[PDB]
Structures are given as structure tokens and as C-alpha cells.
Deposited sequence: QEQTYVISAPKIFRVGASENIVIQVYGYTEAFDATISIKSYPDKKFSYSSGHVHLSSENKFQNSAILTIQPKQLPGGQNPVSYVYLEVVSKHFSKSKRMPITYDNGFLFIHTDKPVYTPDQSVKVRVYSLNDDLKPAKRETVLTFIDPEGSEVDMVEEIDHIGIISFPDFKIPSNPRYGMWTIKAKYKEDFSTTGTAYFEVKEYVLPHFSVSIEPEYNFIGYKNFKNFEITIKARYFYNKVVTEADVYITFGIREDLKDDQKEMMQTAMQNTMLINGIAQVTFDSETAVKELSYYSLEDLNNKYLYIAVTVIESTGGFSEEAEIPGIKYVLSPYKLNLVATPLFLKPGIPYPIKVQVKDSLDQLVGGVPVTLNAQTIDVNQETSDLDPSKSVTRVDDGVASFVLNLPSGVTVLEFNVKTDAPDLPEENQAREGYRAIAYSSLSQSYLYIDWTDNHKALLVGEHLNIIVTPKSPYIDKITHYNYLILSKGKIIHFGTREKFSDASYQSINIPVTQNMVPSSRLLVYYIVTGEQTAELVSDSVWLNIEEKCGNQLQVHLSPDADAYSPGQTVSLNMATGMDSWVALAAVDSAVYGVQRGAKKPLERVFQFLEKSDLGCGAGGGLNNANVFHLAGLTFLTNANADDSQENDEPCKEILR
């Protein structure tokens, strides 16, 4: 029995250097293989191709980087949607239809401020990277859309260094007020888009300053009957307003993005601003008995909008202030799983790592968690497990569980709750989950896990992964095989010798800079014999520290808590290697913003923490298509990448 495995990204990206892996097994004599990206479906045109040699010197594994040139594709009316991935050798020739996307690179639009007043000039530049996170050097088009949806200005500029500086956008003397949108795009070849927003608001001279200070940023069960609100106000010449009239209206709000709100004309309580400070208490229950709701079980994740009008008594001048929304919180905690694929491997203990966070999404420690579970086996005979209890680790926020299930189990419906000593049963956090068993016709399963994930993986350390297969045919498996992916590209691949004198064996993986900020590992072994070869696979998601490849650091000499106006000061910039640096200096008061590392791993075509219903699903959830003479039974219409599931 002889097998071959071709690993490629789930989708081909126009203009991207796509790395294609080939790994063959059973062959003892060396031979060459041609990997090719051709036109669909005729294969008349070869977009690219490469020759790879397979030998004992090569361990019968090789790699070839192909590229779909944008200029080699037609434009406009009947554009290309698919290409053919083809592998040809003396032994085999297999092809597959691969979808392509014209989304290549990243365009980050950076404006100096998020809010502008008339006659100001908007400073704007664009950071442009290609698929490989390198200066794209592609000419870029900026479009400006006013709040009424009109395209009012367009300007294109060539890119030399990856930083594209545009002429400043002058706000008209009497402009259209509201939300303006900036759209960056490439002039040729690609469909990549970038988008930023900036508001244009009319300046109005304020008479005095009004501040609202709620008791807390959230409303729990303890403050559902009383919520303290302190309203202060002072003149801009640093004197407290002596006497004023304070009017407070309350409303319920769905979300902060939508400017819609439901007022409550019952809680329009009025008080007096005396010597700068006034205070009121809002009985949430009574006021939200209006507009239905009635209970605290409702209003959860909804917001409390507050509006305040202050009428100073001497000059009669009036000034307004508002709190957009205070989220009503039903439970001080929120639960989420960490590094626990929702898939069962029959015979392997199944781990569940729950994680507890507060209303600020911060890891809360010492939180007891109770785990319940129901099991369904092949006979549909349900079984209610005995509940278990752990306590949240306070070094990493983790609450770990290990579960021993019968070998015949197929579905695990497990539910987790918090057990706080001071919380009622309603105010506890609860989350449900369902895990499905890996399906194998040879009762052959693989489970990988790397010692453990706390702390996160630091570039330069080493990842000591444990490969535990459970199956018949165990002591006829020759080797283990692995593929390491990051940012939508196969960065590594190889094979490790299987020790006949153990059940598990440690595979060591040096964590490199290519793996920042996240990676995915797929490990598989081949069950062979009669019938048809079978791939037994598993995958895990590796969260790695966000470390710059060329680290930038800026400092101010002299270092002081505060400076004086007009002071001559020196700024020191230090980078690991020769690097361009775009600087900005903005009045922080404008913020009352962007994070690139999270928007960057949208190129990861994988989803979830790893695993899969079967081998093909394991490859799919890792963002991979594969070509094999082995069993390739996948789900239906499984051509587009997976979509990360939300709850």
C-alpha cells in the first residue's frame, strides 16, 4: 500500500506566494513530482508549476511555492473564480478545483484625530502590506465619503516604502456634519479594501462644564434597587457653580451603535445643584416596571441611557450632558473555553478548561466552577455523569477538568456554572457546550496536546507536544506527520519516527517568529492495509506572544510626569533593524484606538481550537485542502473556508 498527501491552503489568494506541501509514503525508490496551478477546467494555461524531488534523502517529503500572477487573469465581465491544483508523477496524477480570492494584503488607514471641527485639515496616511506582511509598494486610491454617502474626493499615490502619505484633507468652512468614511483600495489587480471613519462636529461654545459620575460602570443585582449618580458642574474659570437646576431623564438602550432609545417619563426626577455637586438615586426596578421588562432577568446586556440638563441660576444659561449607556449586568462573570476542542476521541480522557472573566473581560481568580455532563453512546442510551468541581487557577485564570468517558460514547453535552459564595443562582454564570466524537471506520483516533498552554508560547522557546493515538494497528504505524500553519500559509512540515516502545512520544517544535501571533498544528498518521488507506489526524491552535519582527520603541528625554510649554525635548527612536517609522502627536482628549495584531489574523482560514468530525473536517477547520488517494470523504459543499462560530 502506497499513499500521497498534498497539503494546500483552503483557498488560493491572487498574488500570494502559496506554499504547497507533498508527503508520500510506501515508496522506496526516488522519483520526481510536478505541482501545478492551471486554468479551470481545461488546464490549457499553467499559472505556475514547480518540480520537487522525493527520495530517502528527502524522507519522501518536499515543498513547492506557486503564485497566481494577477496579470495572468482576465478582468471585468467573466472573471476567474476557480483554478486547478494538479500533482503529476510516474505513479499518480490528481487534481482539484480551488477557489481564488482577489483579497491580498492589508490597508490600514490612519488619521491623526477621530473628530474634526470646520476649517481643520485631516492628516491621513495608509500602511500597505501584501499577503506576506511586507511593504506592498502598490499604488493606492483614497476615497472620501461624506455623511450623505457622496464621494467627494479621490486621490491616488504610488507606494515606495509601505507607508503612503497623502495630502491633507481640508474640511470645508461650512461642511456636512456627521460621520465621514475613508476607503482605501488598490488601483490594480486586487480587491483589498481598507476603511476608516472620522466625525465632523460643529463647535459650540460651552458656558460651563458638566460631569456625570455613576456609582459603577455596570448595574448588578445589588444596585438594581438603588443606583447612585453624582452630577458635578463648574465654570471654566475653575470655580464651582453655586446654584443651578438639575433635570435627569432616564432611558433604556439596545446597543450603543444605534442612536435609538426608549425614554422613561416616570423617572424625570429634578434636584438642585448646590456648591458644584448634586446627587440622585435611580431605582432601576421601579422605573423599568414601565416599558414592560419588570424583572432583572430582562434588561441583561441592555443599557441605561442618562440625560442631564443643568440650568445655572444667575445668568440663566443652560448646558447638557449625557451618559450613553450603562450595561445592565445579570452575572458578574462570563465563561469561555480555552484550548479545548469540542471533539471527542474514544478512549482518550477529554479535557475541559473553563475560563472566568468579569464585566471588563478580565481573568477573575479563585472562582469555583461546577461541571455537569450528559453522554450519548451508539445505543442512544443517555447517561448523567457525576458533577465535578474545580477552582479557578489564579496564576492564569484557568479552571481545569479531565473527564473519563466510556469508549462507546458519541455525544457529550456538558454544562458549566460558577459557584460563588455570595451570588444567587440567577446571578451565576452558565454556559452550555456540545462535543461530537471523531468518526473513524477503523476505530482509529489521534489526540495531540503539548504539555500545557500556560504560559502562552514565547518565540524562542520550544513546544513539547504529546502525540497520543488510540486504535488498533498501533504497532504497525511507521511514523507521525505534521504541518504547521500561520497567517494562512503552511510554514512547516515534516515527519517523526514512531517509537515502538511507548504509547505516546514527544514531538518537539521550535517556536519561531514566523508563528507570531498565532499558528495551527496538524498531526496525522496513516492507517494502511486492505480496504483503503486512512488518515488519522488532529489539530491544535497555538496562541503565541505578539512580538514585532522589527521591534520599535520610542522614549522622551527627559522623562518627567509633566512638561512645561515650549520646552525643547528630545525623542529617541530605537528599532531592532533599519526601519521606517511614522510618528504622530495627538491631543489625547480626542479619544475620551486601533489594534493590528487581531485584524491581521483574519488571514487564518482556520476556526476553533482544533479537531474535527473526521480527518477531512480536521484539515478543513485548520484551513487546509488536501489531495489523497486515501479516504477523502468530506462534508457537503465544503469549498468555502470555515466560519468562526458565535454563541
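Counting from residue 1 of the deposited sequence, the stretches lacking C-alpha coordinates in this chain are 1, 594-601.
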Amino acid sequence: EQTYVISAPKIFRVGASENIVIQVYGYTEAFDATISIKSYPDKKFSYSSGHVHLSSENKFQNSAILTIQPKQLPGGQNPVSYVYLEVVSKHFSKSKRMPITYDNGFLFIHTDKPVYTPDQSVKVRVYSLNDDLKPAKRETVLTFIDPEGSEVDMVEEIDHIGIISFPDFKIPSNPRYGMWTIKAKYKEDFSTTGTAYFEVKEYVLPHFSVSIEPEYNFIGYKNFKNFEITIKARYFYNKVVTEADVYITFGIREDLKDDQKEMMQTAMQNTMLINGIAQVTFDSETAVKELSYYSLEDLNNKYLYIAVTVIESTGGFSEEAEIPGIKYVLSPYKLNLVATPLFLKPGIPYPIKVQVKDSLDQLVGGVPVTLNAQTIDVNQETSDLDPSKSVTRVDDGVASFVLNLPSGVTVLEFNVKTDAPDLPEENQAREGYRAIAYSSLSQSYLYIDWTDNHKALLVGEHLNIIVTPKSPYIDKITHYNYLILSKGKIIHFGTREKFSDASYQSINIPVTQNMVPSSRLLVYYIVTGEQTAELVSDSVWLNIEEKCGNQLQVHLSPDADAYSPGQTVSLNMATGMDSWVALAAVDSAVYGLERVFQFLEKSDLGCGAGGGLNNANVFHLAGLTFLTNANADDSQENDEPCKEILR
From here on, numbers count along this sequence of modelled residues.
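Per the PDB record, of the two stretches 194-202 and 471-479, 471-479 carries the greater mean B-factor over its C-alpha atoms. Between 420-428 and 542-550, the higher mean Cα B-factor belongs to 420-428. Comparing the C-alpha B-factors of 126, 446, 364, 115 in the entry, the top value falls on 364. Across 188, 258, 534, 131, the entry's maximum B-factor at the CA atom is seen for 258. Per the PDB record, residue ranking by Cα B-factor puts residue 143 in the lowest third of the chain. Per-chain ranking of the deposited C-alpha B factor places residue 578 in the middle third. Residue-level temperature factors show residue 276 in the highest third of its chain, judged at the C-alpha atom. In this PDB entry, residue 159 carries a Cα temperature factor that places it within the lowest third of its chain's modelled residues. Among all modelled residues in this chain, the alpha-carbon of residue 41 has a temperature factor (C-alpha) in the middle third.
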